[PDB]
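Take a look at this single chain, the form deposited in one PDB entry, given in structure tokens.
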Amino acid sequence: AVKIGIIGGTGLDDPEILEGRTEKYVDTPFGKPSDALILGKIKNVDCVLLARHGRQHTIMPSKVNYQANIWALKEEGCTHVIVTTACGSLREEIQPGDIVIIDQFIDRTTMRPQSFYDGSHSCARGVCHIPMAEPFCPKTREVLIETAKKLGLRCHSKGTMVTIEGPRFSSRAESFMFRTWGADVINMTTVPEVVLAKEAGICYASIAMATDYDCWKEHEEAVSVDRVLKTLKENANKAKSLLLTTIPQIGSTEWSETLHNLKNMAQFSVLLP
């Protein structure tokens, strides 16, 4: 019974990838999601699409309701969440237009709730300490990696995403610092989205698309809103094709054991009185 949540990021807020589309606005105990859920199918696989920033990109990264978004997808029955995220490259070999199937993060966010279990919601009682050693589902990641290869897409098989609070871009001193820390790409949205997915027992993976070299690299176009959007206009089709081709493979794979183990990890992370 797989059902794939898709969270569309910058330049991919509402990708025309689902057949048999039906719009459904929902509510959650953590408030309204960013926008309507878009229910549909890719081949015979049920999907639920959601614009991270709203379909008109009106919500800045700090104000995205990550709890509501993940809650809504889980409540709709999603077993997996595969997302897109635009990002800056911190490595020469990760070129604008490249995809990075990230496997780690470094949190630089400051303003964001990272748990459903805040002691104020009867829907999630207790104190939850979710493990983050392996934040992304390696089985989903492996299907994304193999599919990118079949599509002939420049794709990096791992990567560490530094997530900054924003909405400003980083200073040059910060950009260089993140490089010394071993971060490979930079964005504003991976945390706490990945964390809440893990608490929900969902297989989560991220299609990171490099759009710029932040501001560390000489003789490159400086990061700006226009530069990010231009790179996505040129390359977003690659993410769309990757989703379209990956999802049927996920639908034909066995997931019960993977999902059971995630459910157990999430369940045993909650300390009750």
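In this text, residue numbers run from 1 along the sequence as written. What we label the rigid core is the largest C-alpha set whose atoms superpose within 1.5 Å from one form to the other.
Not on display, but discussed next: the form deposited in another entry.
Would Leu259 count as moving between the shown form and the other one, using a Cα shift of 2 angstroms or more after superposing the core as the test?
The answer is no; the displacement is under 2 Å.
Rigid core superposition, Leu12 Cα moves 2 angstroms or more between the shown form and the other one:
Yes, the C-alpha moves 2 Å or more.
Mind checking the CA-CA distance of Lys240 and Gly9 in the other form? It differs by 3 Å or more from this form, so is it closer or farther?
Note: Cα gap between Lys240 and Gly9 shrinks in the other form.
With a change of at least 3 Å, which way does the C-alpha separation between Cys47 and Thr10 go in the other form: closer or farther?
Here the pair is farther apart than in the other form; there, closer.
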